[PDB]
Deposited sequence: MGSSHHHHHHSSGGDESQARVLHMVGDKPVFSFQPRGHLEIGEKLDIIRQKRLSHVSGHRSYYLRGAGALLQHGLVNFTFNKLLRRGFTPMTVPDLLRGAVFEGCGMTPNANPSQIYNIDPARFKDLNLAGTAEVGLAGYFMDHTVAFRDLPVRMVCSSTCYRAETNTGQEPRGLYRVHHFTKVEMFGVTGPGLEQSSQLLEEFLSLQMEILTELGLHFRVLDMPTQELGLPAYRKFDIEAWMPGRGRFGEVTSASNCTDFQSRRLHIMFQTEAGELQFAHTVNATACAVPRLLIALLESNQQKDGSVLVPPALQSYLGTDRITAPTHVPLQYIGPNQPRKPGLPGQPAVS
């Protein structure tokens, strides 16, 4: 019926002041401008988040893919996978079209999985994708909660669904930053995504989907969370390589 809190990770940050919204921080640091537009350290944050996640998923054995822009499944349309290749793990960084809360275009990295027969395989894969999401978020220093979304209440094209909300102090609330869902044979039935069994059967495979990074939301969470009383925001260690610093300090 309603969403259950499955897990809690990290702590709410403590402030001696009233936390500011990501827009105020960005403007004070000259990393957000204008429509909207990232500049300097903010742009490095965006590209570094994408790269950290993409590399993490590459090290775990996800095959990368790129597309000219729903689609992730569609590229497996009318395709059959051998039993020996199951599960198939795909990672794709791409530009998607739909405060920085809702911009028309943004970069997102997505996870896609095609697995062996049945709920056991598909659920194992969904739990694996959720774990990757929590690992990435933990390594970024964010405070977040994992919630079980209802599926048979409205919805339907999902047997299980997990959403992750990261804490946003400037907004003062939790906001969704990742999603992951087990679509089972829905997508495979409609797109003819088959797997061949050991005996020689072709059967409808299972598909699993997950967001590995929605940057606008993660940016908001990092800026509000890591902000300082000086309007500085601290850089998580995982991103200090791409930024070249542990603290953004605003120009002169």
Checklist entry - Which residue ranges of the deposited sequence are not present in the modelled coordinates? => result 1-16, 51-60, 96-134, 164-173, 328-351
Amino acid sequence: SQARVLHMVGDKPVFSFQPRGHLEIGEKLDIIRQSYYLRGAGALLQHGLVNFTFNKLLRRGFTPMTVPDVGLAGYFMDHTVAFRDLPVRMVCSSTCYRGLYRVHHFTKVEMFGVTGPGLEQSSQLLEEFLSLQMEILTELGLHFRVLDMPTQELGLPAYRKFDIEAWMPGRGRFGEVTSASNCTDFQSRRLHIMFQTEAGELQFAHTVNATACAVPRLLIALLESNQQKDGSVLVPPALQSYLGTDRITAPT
From here on, numbers count along this sequence of modelled residues.
Checklist entry - Mean C-alpha B factor from the entry: is it higher for 108-116 or for 163-171? => result 108-116
Checklist entry - Comparing 199-207 with 45-53, which stretch shows the greater average C-alpha B-factor in the deposited entry? => result 199-207
Checklist entry - Highest CA temperature factor in the entry: which of 152, 131, 138, 124? => result 152
Next on the checklist: Looking at the C-alpha B-factor values in the deposited entry, which of 146, 72, 177, 88 comes out highest?
Outcome noted: 72
Next on the checklist: Lowest, middle or highest third: which one holds residue 61 when the chain's residues are ordered by CA B-factor from the entry?
Outcome noted: lowest
Checklist entry - Comparing residue 225 with the other modelled residues of its chain, is its CA B-factor in the lowest, middle or highest third? => result lowest
Checklist entry - How does residue 39 rank on Cα B-factor within its chain, lowest, middle or highest third? => result lowest
Checklist entry - When the modelled residues of the chain are sorted by Cα temperature factor, does residue 92 land in the lowest, middle or highest third? => result middle
Next on the checklist: Which third, lowest, middle or highest, does the C-alpha temperature factor of residue 18 belong to within its own chain?
Outcome noted: middle
